[PDB]
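Beneath this line is the structure, given in structure tokens, with notes to follow.
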Number of protein chains: 2
Amino acid sequence: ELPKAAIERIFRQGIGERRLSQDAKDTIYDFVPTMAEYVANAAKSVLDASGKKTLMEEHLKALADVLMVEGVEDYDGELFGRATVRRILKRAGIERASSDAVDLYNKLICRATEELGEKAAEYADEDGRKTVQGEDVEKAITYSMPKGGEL
Amino acid sequence: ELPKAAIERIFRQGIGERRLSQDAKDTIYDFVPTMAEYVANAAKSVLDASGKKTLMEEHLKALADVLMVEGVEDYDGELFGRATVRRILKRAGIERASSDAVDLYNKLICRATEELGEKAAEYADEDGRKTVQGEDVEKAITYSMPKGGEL
Ligand SMILES: [Cl-]
Ligand SMILES: [Cl-]
């Protein structure tokens, strides 16, 4: 499982100097692992359609382009542990992956989390607040993800 | 280009017996072609990653699974013309497609449009209205699509 402390640091990379409330952390702890699983299942979908058994970079690049996550390749923030993210992929049915595929999946989910923090920060700004609150995170999820983030 | 009359009929398949305002039609005329293009570009992304040059059903099935559009394969409503949707795919870079791929792309964009109508209908219900209004469509787009529907 993705550690909560790492989820928080990564999300916080996107909020600048703002504070983060507990209900915001609660939201991201529930959501980020579900998003990671969703992304891993999507990666399997892009690879089973692809006629290959090995997950490669190009499969995760396609997911980033369709989820419209910006700056994935250039992401240089905190990453989860390789074995942890590889196990999420394995649970999604990914029997074989290249190291570069694993790394790009990791950059995708981490960058997506950071991007969520940026969006939540934007909602806090809208309400003239210094702290990112659970409502900002909820709105960021619904807006930014398909199906309102019910992933 | 996708005809507006067809966009409207398809969207209206999802609103039951509700009325549709002009600002709702305005919204869907702007949005549905952008969504169709987005989906076609995504289809290219899933096929260039895939090592194949021919778009096949399995590529559009992967997109449906990641956009979480329900009931695509079983869709039996109005479809756009094959040549029109094939040209959208060609513009997205799809040089070669199978007939079944084209048909599944068509079912995906049409079912996605109908599903948008269902979601918009749900927002009108929430406000105790019989007519689906531009605000319902806007909320349906933002909620249901990635990046708030800024596709
Ligand atoms: Cl690779
Ligand atoms: Cl096919």
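Reminder, nothing fancy here: chain letters follow the sequence lines and each chain counts from 1. For the numbers below, each heavy atom of this structure counts, side chains included, while hydrogens, waters and symmetry mates do not.
Between B:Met35 and B:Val39 the shortest side-chain heavy-atom distance falls below 4.5 Å. No side-chain heavy atom of A:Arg18 sits less than 4.5 Å from a side-chain heavy atom of A:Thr131. No side-chain heavy atom of A:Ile7 sits under 4.5 Å from any side-chain heavy atom of A:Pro3. At least one side-chain heavy atom of B:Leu108 sits less than 4.5 Å from a side-chain heavy atom of B:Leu63. In this structure, the side chains of A:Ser99 and A:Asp103 come closer than 4.5 Å at one or more pairs of heavy atoms. At a threshold of 4.5 Å between non-hydrogen side-chain atoms, the residues A:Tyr105 and A:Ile88 count as touching. Using a 4.5 Å cut-off on side-chain heavy atoms (C-beta onward), B:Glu150 and A:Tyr143 make contact. Residues A:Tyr123 and A:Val137 have side chains not in contact (no heavy-atom distance under 4.5 Å, counting atoms from C-beta outward).
In terms of heavy atoms, B:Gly14 sits closest to B:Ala121 at O-CB, 4.2 Å. Across A:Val102 and A:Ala97, no two heavy atoms sit closer than the pair CG2-CB, 3.9 Å. Of all the heavy atoms in A:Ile28 and A:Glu8, the pair that sits closest is CD1-CA, 4.1 Å. Nearest heavy atoms, B:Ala120 versus B:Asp136: O-CB, 3.5 Å. Taking all atoms of both residues into account, the shortest heavy-atom contact from A:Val132 to A:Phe11 is CG1-CE2, 4.4 Å. For the pair B:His59 and B:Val46, the tightest heavy-atom approach, listed with the atom from each and the gap, is O-CG1, 3.9 Å.
Considering CG of B:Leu60 and CG of B:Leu67, their distance stands at 10.5 Å, rounded to 0.5 Å. Atom OH of A:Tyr38 is separated from atom OG of A:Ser45 by 9.0 Å, given to the nearest 0.5 angstrom. Note that CD1 of B:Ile94 and CG of B:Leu55 are 4.5 Å apart. Values are rounded to the nearest 0.5 Å. Of the inter-residue distances, the one linking B:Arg96 atom CZ with B:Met56 atom CE reads 11.5 Å to the nearest 0.5 angstrom. Rounding to the nearest 0.5 Å gives a distance of 7.0 Å between CG of A:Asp30 and CG of A:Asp26. Taken from OG1 in A:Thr84 to CG in A:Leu79, the straight-line distance is 12.0 Å, to the nearest 0.5 Å.
Each of B:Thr27, B:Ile141, B:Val69 was compared with B:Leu116 under the side-chain contact (heavy atoms from CB on, under 4.5 Å) criterion, and only B:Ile141 meets it.
Residues that satisfy the side-chain contact (heavy atoms from CB on, under 4.5 Å) test with B:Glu122, not counting sequence neighbours, are B:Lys119, B:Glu126. Every residue meeting the side chain to side chain donor-acceptor pair (under 3.5 Å) condition with A:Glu118, not counting sequence neighbours, appears here in chain and number order: A:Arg111. Partners of B:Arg9 by side chain to side chain donor-acceptor pair (under 3.5 Å), not counting sequence neighbours, listed by chain and number: B:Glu78.
A donor-acceptor pair shorter than 3.5 Å can be found between the side chains of A:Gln13 and A:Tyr75. In this structure, a donor-acceptor pair under 3.5 Å is present between the side chains of A:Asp23 and A:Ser21.
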Exercise for the section: Kindly indicate, with the supporting measurements, whether the criterion side chain to side chain contact (heavy atoms under 4.5 Å, CB included) is fulfilled by A:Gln133 and A:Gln22. Expected result: CA-CA 8 Å; A:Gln133 291 187 160; A:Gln22 205 47 78; over 6 Å; no

Exercise for the section: Show the numbers, then the answer: is there a salt bridge (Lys or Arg N to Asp or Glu O under 4.0 Å) between B:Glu115 and A:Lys147? Expected result: CA-CA 11 Å; B:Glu115 197 173 60; A:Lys147 292 288 184 214; 2.8 Å; yes

Handout entry: side chain to side chain contact (heavy atoms under 4.5 Å, CB included) between B:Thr34 and B:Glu37, intermediate numbers included
Key = CA-CA 5 Å; B:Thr34 290; B:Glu37 179 162 7; 5.8 Å; no

Practice task
Kindly determine whether A:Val72 and A:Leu104 satisfy side chain to side chain contact (heavy atoms under 4.5 Å, CB included), including the steps that lead there.
Solution key: CA-CA 8 Å; A:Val72 173; A:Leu104 186 57; 3.5 Å; yes

Handout entry: Intermediate values then yes/no, side chain to side chain contact (heavy atoms under 4.5 Å, CB included), A:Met68 and B:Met145
Key = CA-CA 11 Å; A:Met68 297 165 288; B:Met145 288 287 118; over 6 Å; no

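Between the side chain of A:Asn106 and the backbone N or O of A:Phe80, at least one donor-acceptor pair lies under 3.5 Å.
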